[PDB]
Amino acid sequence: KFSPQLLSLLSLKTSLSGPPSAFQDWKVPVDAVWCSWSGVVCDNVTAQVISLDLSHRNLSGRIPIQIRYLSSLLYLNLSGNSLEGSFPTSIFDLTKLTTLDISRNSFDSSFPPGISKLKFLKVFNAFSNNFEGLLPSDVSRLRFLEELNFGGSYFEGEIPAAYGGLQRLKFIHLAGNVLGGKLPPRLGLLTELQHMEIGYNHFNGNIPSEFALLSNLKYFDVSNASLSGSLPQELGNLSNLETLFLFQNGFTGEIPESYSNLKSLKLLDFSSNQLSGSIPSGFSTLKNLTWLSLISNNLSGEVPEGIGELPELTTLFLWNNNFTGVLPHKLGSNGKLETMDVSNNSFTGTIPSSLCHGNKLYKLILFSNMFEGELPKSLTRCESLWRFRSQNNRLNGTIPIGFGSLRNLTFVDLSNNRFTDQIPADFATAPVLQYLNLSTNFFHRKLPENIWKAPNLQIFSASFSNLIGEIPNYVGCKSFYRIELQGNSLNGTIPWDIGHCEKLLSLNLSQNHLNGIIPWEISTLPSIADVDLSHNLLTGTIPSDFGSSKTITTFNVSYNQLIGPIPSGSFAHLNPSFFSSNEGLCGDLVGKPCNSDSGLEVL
């Protein structure tokens, strides 16, 4: 016999080049032999290949023209290879084909015209290839086509409007090409369409009113297209829509109140448009809503209170608008809230007490608002809290004491607030706390005595909050690389054991009342870069050890009263501003060279 089936398959084996693992399975011993081969599925009756799965075997080369001899083939998967060059027209001769997967290859040049010859093609996946030029208009002739994916190539030009003739089509992914032009409204006529992904192109004009006609549309993503203009209000009619991504566009005008009808709606993202308006009060009614993201628009409003009662809402991103009024105080009460960032607004009022109600909230960003009152003590009982940044507010009273209990708490910025009294001592207990900024607050008290025992604290800044008393004694100082204490009343000597902070980079002790000698242990710090000791009561001589330090960049000792020679060393080329207002300092830099005798002040 002469088996076309065998000629075809063996042509495939010789023409595609891959590791042994690929075609080693395909062998002819010395009786319909190919059906036992990897990814070859015969028809139970005819012994013709009805399915060929060649995917994800690193293989290169060109498809041989002999592939047309598998004339019973319903299923061809070449996905996830290194295949290259023009798409072979050979494929278009397999006319019983149903699904064809070309994806995650590198196929180049134009797409070839034969595709319409596959009358029954249901599924076509070309995602992530190298194609250029126009999308093929033949696709519009595929009557049974359900899934079409041309995303992730370099296609240019307009989406062919004739596509809107594919009335069995449920899935169109065009995103991630260079397609231009206005979106053809005829696309709205696709009746069975549910998924539409067009984003990350460069388009013209708006979403056409006619897309409102897509009765069954569920997912709609067109982002980082250059779409602009007023946001079509007829879209509220899409009652099955559950995913709407319009972000990173130029849409203007307001949010049509009609959108309160998108009742299946789960995720909604309008980030980074210019959308000025306010949130429709009707949004209370989206019961399945989960993601709500309005970031970086021009919206100005009051958040509708009903959003606090949205049962399924998990993430809420309102930042970089100008909202006013207060947050709905019922907010966290659904026990599903996970991240919330409302920063850089005009919000006022108290922080809602319920935000963590279910212990699922790990990201709370309130900063650069007008929030007032005390920090709800419930935040200290929130076990999932990870990152908390509330600075630049009116927050009040005393910082509640339960934060060091929190096993995940990493980043806390409480600065630029009105806090008073005492700095919770469990901050130095916090197991993972990496960054703590209490700067510019009004507590008049001393630092927690154990503050430098913090295991993981890298950046600690208390500057310009009214601190009194001495500096605690730097015992662990395990992770600290930035320490900002300047602008307080701290008294006493600088602790001798500052040497224990091995990873220290920047140290600002400026603008205090700190007396005594400058500890030489500073110069034994391996990595120390910025030291600002200025505007203190420091006396005595500058330890000569500091000229031996090859690592140190800014050393600002000015407006103390020190004496004796300035270290010669790396200090030689240092900014002479650093030694000013010390009238007993001596040396070349300050232009009063040194008395040389037996008795000096050094050693």
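Start at 1 with the first residue shown and count on from there.
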{"query": "Gap size between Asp31 and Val30, counted in deposited residues that the entry leaves unmodelled", "finding": "4 to 9"}
{"query": "Average Cα temperature factor in the PDB entry - higher stretch of 153-161, 281-289", "finding": "281-289"}
{"query": "Of the residues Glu197, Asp413, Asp530, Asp341, the one carrying the largest Cα B-factor as recorded", "finding": "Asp530"}
{"query": "Within-chain third of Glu132 by Cα B-factor, per the entry", "finding": "lowest"}
{"query": "Third of the chain's Cα B-factor distribution that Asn320 belongs to, per the entry", "finding": "middle"}
{"query": "Lowest, middle or highest third - CA B-factor, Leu537", "finding": "middle"}
{"query": "Ranked C-alpha temperature factor of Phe347 among modelled chain residues, by third", "finding": "middle"}
{"query": "CA B-factor ranking of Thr99, expressed as a third of its chain", "finding": "middle"}
